[PDB]
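When we count neighbours, we look across all protein chains shown, and the Cβ atoms used for this are built from the backbone with ideal geometry, even at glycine. Every number in this text was worked out from the coordinates using simple rules, so none of it is lab data.
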Amino acid sequence: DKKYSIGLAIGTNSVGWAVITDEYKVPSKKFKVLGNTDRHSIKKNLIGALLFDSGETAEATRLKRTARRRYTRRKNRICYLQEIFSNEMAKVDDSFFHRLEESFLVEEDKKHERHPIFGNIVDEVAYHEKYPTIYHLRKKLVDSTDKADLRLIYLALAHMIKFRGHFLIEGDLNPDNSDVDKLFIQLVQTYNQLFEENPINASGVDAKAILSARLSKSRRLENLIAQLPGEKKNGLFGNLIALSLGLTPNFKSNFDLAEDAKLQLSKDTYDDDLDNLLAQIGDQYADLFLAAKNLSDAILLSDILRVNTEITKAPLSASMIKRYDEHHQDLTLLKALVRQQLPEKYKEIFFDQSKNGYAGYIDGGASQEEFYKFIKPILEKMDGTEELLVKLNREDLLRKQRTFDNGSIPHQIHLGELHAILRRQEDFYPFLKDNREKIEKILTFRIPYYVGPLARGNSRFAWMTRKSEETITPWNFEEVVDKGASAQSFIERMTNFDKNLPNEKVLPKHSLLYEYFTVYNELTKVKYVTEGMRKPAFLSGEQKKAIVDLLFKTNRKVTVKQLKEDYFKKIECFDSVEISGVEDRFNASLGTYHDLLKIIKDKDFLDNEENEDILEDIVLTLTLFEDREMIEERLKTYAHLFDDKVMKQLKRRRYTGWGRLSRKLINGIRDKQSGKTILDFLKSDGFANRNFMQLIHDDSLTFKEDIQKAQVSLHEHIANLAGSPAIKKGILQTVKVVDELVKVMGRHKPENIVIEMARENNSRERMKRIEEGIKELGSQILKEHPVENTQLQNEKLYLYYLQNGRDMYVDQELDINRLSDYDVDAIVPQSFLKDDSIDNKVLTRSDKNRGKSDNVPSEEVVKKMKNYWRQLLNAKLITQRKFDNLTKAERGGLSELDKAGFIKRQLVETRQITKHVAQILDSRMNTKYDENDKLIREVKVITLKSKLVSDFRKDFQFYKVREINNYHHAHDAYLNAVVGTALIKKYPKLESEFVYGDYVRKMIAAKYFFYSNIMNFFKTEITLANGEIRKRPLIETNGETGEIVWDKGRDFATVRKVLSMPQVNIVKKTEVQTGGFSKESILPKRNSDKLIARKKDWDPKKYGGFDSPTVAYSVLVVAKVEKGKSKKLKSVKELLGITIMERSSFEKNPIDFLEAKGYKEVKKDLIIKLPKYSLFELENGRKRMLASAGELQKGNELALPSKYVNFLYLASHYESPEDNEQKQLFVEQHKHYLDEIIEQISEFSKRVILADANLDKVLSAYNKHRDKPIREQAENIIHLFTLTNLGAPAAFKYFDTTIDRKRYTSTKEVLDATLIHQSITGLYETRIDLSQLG
RNA sequence: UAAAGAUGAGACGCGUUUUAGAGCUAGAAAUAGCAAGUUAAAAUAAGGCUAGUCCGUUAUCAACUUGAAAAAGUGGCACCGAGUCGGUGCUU
DNA sequence: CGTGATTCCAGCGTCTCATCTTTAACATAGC
DNA sequence: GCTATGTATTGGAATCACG
């Protein structure tokens, strides 16, 4: 057997895989072809890629699910309201509800009168004349005292309930308090009365304009403060203003309180905070705060409500009616003015729904902003239009009642209006008086966020716990739903379990046991050194307890100085003690212990072990719940131990956070032999003082064995990872591909598996930085030389501006016209730390001025330019790291340790997702753990970063073009494999740095090299950074092993051949499409069969419906249809589109479903399921992917020669002046070959694309633009590559000529082609001849 | 310490559809002129049964055999070349 | 009267709460 | 070496020449 290696390149939409044997050669194997075709064996290379649509997050699905729940709950609310009115409405109008329900149906299908409200034309007309809108009805019901018809009352209540506004404000809003300035004046007067020593000059300041401005709270606060020179934003009055605005002012400083007096009116805990303030400073401020609350209410009412408050107690309805009347007046005036001045546009405005005029604004589809945009020039053109212009500038012209900005309306307004209506009308209807509370509750009822859906054990999102088996109506919500259990579950279901005990549940972060464990763990490794002690010794259990009692149980923080003084000097009488393992202060502290001591004021209660659980039950209670009512209810069980003041303090106290170790891992499990737990061992470990890591990793203790036993699905193991769903899908596909490849090679696991993951996915900032630096320095470079943001994208110009137009190495300036001859050099050479960022770059006239380029710039340059670099640093032109790198010469230069660190940086992978992937592959591939409890590393999972491979490609001219074809994924995978294998062969000792598993200074000059480069040995010629070009040995081999790792005379040629291989296994992952049934937009009624009904009885021919259904998978059916008038059973073979809506119906019984669509005598066994991207080979190598039931996609790749790819990369500058000149010469030489690329494209188009018109247009445009510069033509050809790229057709633009996408909207040809079932890797293929069917 | 993404829950405002919002005048009528325009009901993935204030757009999936289904199993090697893979040699 | 070419188009915008992760900053232990 | 501890794209539908 030939031992091989697998390289993989993971990405969002692609997974590249490659198999390499020795000499970095891709094997070519013959694979059997199943099916009924004639082929029996096909040659396939062992490199390819898998293509799939990127994974989608569940965010859209979560939004849709929440929307469905909201709609169901709204409908249930309406049903409850109707049930309240059942008997009375039935007595009044028997079929009023029935008419309301069938209002959507056409008159032909209505079972009652077409007029819903009254059931007759006359009364409906009279009502609509009396009340133009529902708001008029609401205002009338609120104000008028005469008895009204029950139907109007029901309509008003239904309109209030169905649309109730947000709940972002809790408590009572008091809409009558709408005095924007009068309340402000009263607040100022009260403050002055309380603070007569410090009056506030409120004269000359408009409270209304400043506070009701359509601006941010901070901006309006600053504007208010600016008119008060004697008051600041952080002052007591300023903090009151901030509280009124809804901010979070800090009253601790103003009232000199120790407690952080953070109060916000929006929070429901505001009242409790006010009570807390009613116990420290006094009650004299309480009315003051009340006034601020009223002021805040006015501010909230300022923007939403614009109407007088004395006229009525329904300000919302009054404001809506005022807006409606303004709309009527403005419409009348606009019509008059248009008729008077511009009669020709009148029909355009008031009759053209298709335009953005008034007709389209009302009857058609047009937003308010669109209408304003369309009408503003018209208004400007006319004369006598001033009020309309003023309103348009105010966005208050011809406004509707139902606008997009109605979401600011609090539910308190609607609740107050409903309460007023019920009070007015209860004297005429007894049931309204009897059920007023029920209706108010229905309006105000919300399901708490911690309760979740009110399911009964049939949802994967539910966690509610019930108290009785009944229906959870909003009136008995507390009696049924167990608030405590449900709230506890809501938090517990989302917390992580213990890593060592996956079944157990983690402890809260502030648990007393947790803090004790941390403190003891930190104290175990504490040593103390005195004069009389020969050797430092660990602290005994008694000593640890004494120290904890003296320091940890007496001070919030314990310092090293406190430990040395308060214990050794005080108790042990030690005048000189040195502590090891701790610096500065101790991180561990008994914060919860001291907090509880402060609150309950009973140290002995805390010190009692019997209270431990109780104490825990307190701390957990302070973490699970955020609602203070829940906290109080939970703590009521233990309210007997502590006074009511202590209970109130506990309710006020609330901290959050969770630890990472469960209680059983601390005090649950006990060692079998010793009878001690983890905590017991920590409190007394003899003299070794083994800590937690030592306790759980001790092979002489049962703890490790218990952890291993307790610690005992690939899809589930991947779904629990941390990352985007697309990357997770890529990882799963990569694992499946690896399994398939291992099965391919005769079930021989490879020696190495290299993994590289591509990636997860500024001019203004540079301008700002340059301006800040120039203003700090005060130079004149910017003033004399203007620079655009786009021009700053060039590295040379940005570096020139950063260096104040001066050389960074020599005390001299630079010229813009000389930038072409200037050089860019790295402070740390690329052969030590590969950095391409600004922090490690320098613009200099010549590199020879830097001194010894092999090392850090010479100390002479540092002595020359230290002051200049410091001045640049002070202006933020350069960073501290860059300054240190420039001044590293005086700090010992580039030491060997620095080179080792740079090698580590170049080798390690920062991202943890790659680590998780490597761990998963190591676990799956390796299952041989020896008797010594160590896994035998038969398979070496290696990890690599894209930068190294990209540098390799860009250094050895192995260029890539992303748009040419999809072979670049497979080529990247192959290069990853090659580089990983070569690196692990040449530097095996570096495995630990970049190979997952468990297995430095000696490396730098068994010394590997003196430089920090690790990929440099591939270079045939190496530059000594001083122009001393030398050569490495032709055959690179590891010195110790002697095994050849690089054959420059063969490896380069082999790589060139591999990248030039025409056949590459490019496979599109066939996947059944899923999601929404069709486009969610509702179409108006049309006489077309493409419409989809929105309901079972709603014929699309009348009510419209959806269109554009999404096809999950097509089905190739061979059957017969009633062809012609004679109903001749002609055999038919055609693709039928199975929509997502019909998927369940078809899968339940295919025969009946296919018969229902007109197909007869269906062959059950001949049914062939074709998901999206199913592959067809028609003839002459033309392959097509079945995008849908009626559309095809290009499926062939263009195997462009490597020379053309290199020329395209160089000419277009897709990403050493002599090298650049030689590259330009090659670009000119292959420009002679430019027409060959177009010829190849045309040949491929004729062979496989069959797009005659587009090809002719491309040729004509190319012939026209032959005179264009070479680089522009190269870029345009790169764009032209979109014509032949695999996947869906897409339009492109060759210079100024736009070529549209050619669509293959006929699937008749594939019916006689060869269907291909490609495996996950595509090596195992199943060709089926469809022409043999039927 | 600060910042981002993933997941879940509770809520809003719209938006979009059919109907109700008697259009009038004259003109055979088609068609011209004039009036009016803001709102409301219902639905907001068909729907399903486990009938709940439940669930219905995530994730997963080449073909064949077995396995409910999760899952398992089903396919020679070496060499010479290379237009999407061919040809040669040993066993079959 | 089928058929290739050409055109337009797709629901959206907030708010609150909780839990995880991850990235950018460090010290302390271990196996 | 590694684990813990704390600080747009594109398929559908329509429409349009159009032989």
- [ ] Would you work out which of A:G778, A:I827, A:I816 lies farthest towards the positive end of the dipole of region A:763-890? Charges go on Cβ: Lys and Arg +1, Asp and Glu -1.
- [x] A:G778
TODO: Collect residues whose amide H, placed 1.01 Å from N in the peptide plane, falls under 5 Å from the amide H of A:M757; neighbours closer than 5 in sequence don't count.
DONE: A:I10, A:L944
- [ ] Sum up the charges of everything whose Cβ sits under 12 Å from the Cβ of A:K64, counting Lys and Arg as +1 and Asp and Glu as -1, but leave A:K64 out.
- [x] +3
TODO: Using only alpha carbon positions, build the gyration tensor of region A:763-890, then give the equivalent ellipsoid semi-axes as the square roots of 5 times its eigenvalues, largest first, whole angstrom.
DONE: 23, 16, 14
Open item on the list: Net charge within 11 Å of A:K1203 by Cβ-Cβ distance, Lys/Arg positive one each and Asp/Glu negative one each, not counting A:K1203 itself?
Closed with: 0
- [ ] List every residue whose amide H lies under 5 Å from the amide H of A:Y528, counting only residues 5 or more places away in sequence or on a different chain, with H placed 1.01 Å from N in the peptide plane.
- [x] A:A537
Open item on the list: Can you compute the charge dipole magnitude of region A:319-396 about its Cα centre, using +1 on each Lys and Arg Cβ and -1 on each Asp and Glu Cβ, nothing else charged? Give it in debye, rounded to the nearest 20.
Closed with: 120
Task: For chain A, share of DSSP beta bridges that run antiparallel, in % to the nearest 5 - done: 80
- [ ] Please order A:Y361, A:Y655, A:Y324, A:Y999 by the number of other Cβ within 10 Å, starting at the fewest.
- [x] A:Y999, A:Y655, A:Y324, A:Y361
Open item on the list: Apply the Karplus curve 6.51 cos²θ - 1.76 cosθ + 1.60, θ = phi - 60°, to the phi angles in region A:862-869 and return the couplings in whole Hz, x for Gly and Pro.
Closed with: 4, 5, 5, 10, 5, 5, 4, 5
Task: region A:912-947: trypsin sites (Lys or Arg not before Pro) falling in loop per DSSP and having at most 15 other Cβ within 10 Å - done: A:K928, A:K934
Open item on the list: Net charge within 13 Å of A:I1004 by Cβ-Cβ distance, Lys/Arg positive one each and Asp/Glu negative one each, not counting A:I1004 itself?
Closed with: +4
Task: Neighbour-count ranking [beta-carbon atoms within 10 angstrom, fewest first] of A:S14, A:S1131, A:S1126, A:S1012 - done: A:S1126, A:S1131, A:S14, A:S1012
Open item on the list: If you filter region A:329-394 for GluC sites (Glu not before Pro), then keep DSSP loop positions with at most 14 other Cβ within 10 Å, what is left?
Closed with: A:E386
Open item on the list: Pairwise over distinct Cα atoms, reciprocal of the mean inverse distance: report the Kirkwood radius of region A:1194-1312 in Å, one decimal place.
Closed with: 15.4
TODO: Using the structure shown, list the pairs from A:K25/A:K749; A:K841/A:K866; A:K557/A:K603 with a Cα-Cα distance above 27 Å, or answer none.
DONE: none
Open item on the list: What value in Å³ per residue do you get for the convex hull of the alpha-carbon atoms in chain A?
Closed with: 302
Open item on the list: Quick check on packing: order A:1190-1200, A:1161-1171, A:1252-1262 by the mean number of other C-beta atoms within 10 Å, highest mean leading.
Closed with: A:1190-1200, A:1252-1262, A:1161-1171
Open item on the list: Which one, A:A226, A:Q1193, A:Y270, is farthest towards the positive end of the dipole of chain A when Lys and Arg carry +1 and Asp and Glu -1 on their Cβ?
Closed with: A:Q1193
- [ ] List the residues whose amide H sits under 5 Å from the amide H of A:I1299, counting only those 5 or more places along or on another chain, with H placed 1.01 Å from N in the peptide plane.
- [x] A:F1292, A:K1293, A:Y1294
Task: When each of A:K940/A:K1069; A:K940/A:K989; A:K954/A:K1264 is checked by Cα-Cα distance, pairs over 22 Å - done: A:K940/A:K1069; A:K954/A:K1264
Open item on the list: Which entries of A:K483/A:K648; A:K1079/A:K1157; A:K945/A:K986; A:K796/A:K986; A:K561/A:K683 have Cα-Cα distances beyond 27 Å here?
Closed with: A:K796/A:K986
- [ ] Putting +1 on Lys and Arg Cβ atoms and -1 on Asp and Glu Cβ atoms, find which of A:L81, A:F52, A:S95 reaches farthest to the positive end of the dipole of region A:29-103.
- [x] A:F52
Task: Set of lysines near A:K111 by C-alpha distance (under 21 Å), chain-local residues within fewer than 8 positions excluded - done: A:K91, A:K1095, A:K1096, A:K1101, A:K1102
- [ ] Fewest Cβ neighbours within 10 Å first, please rank A:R653, A:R1266 accordingly.
- [x] A:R1266, A:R653
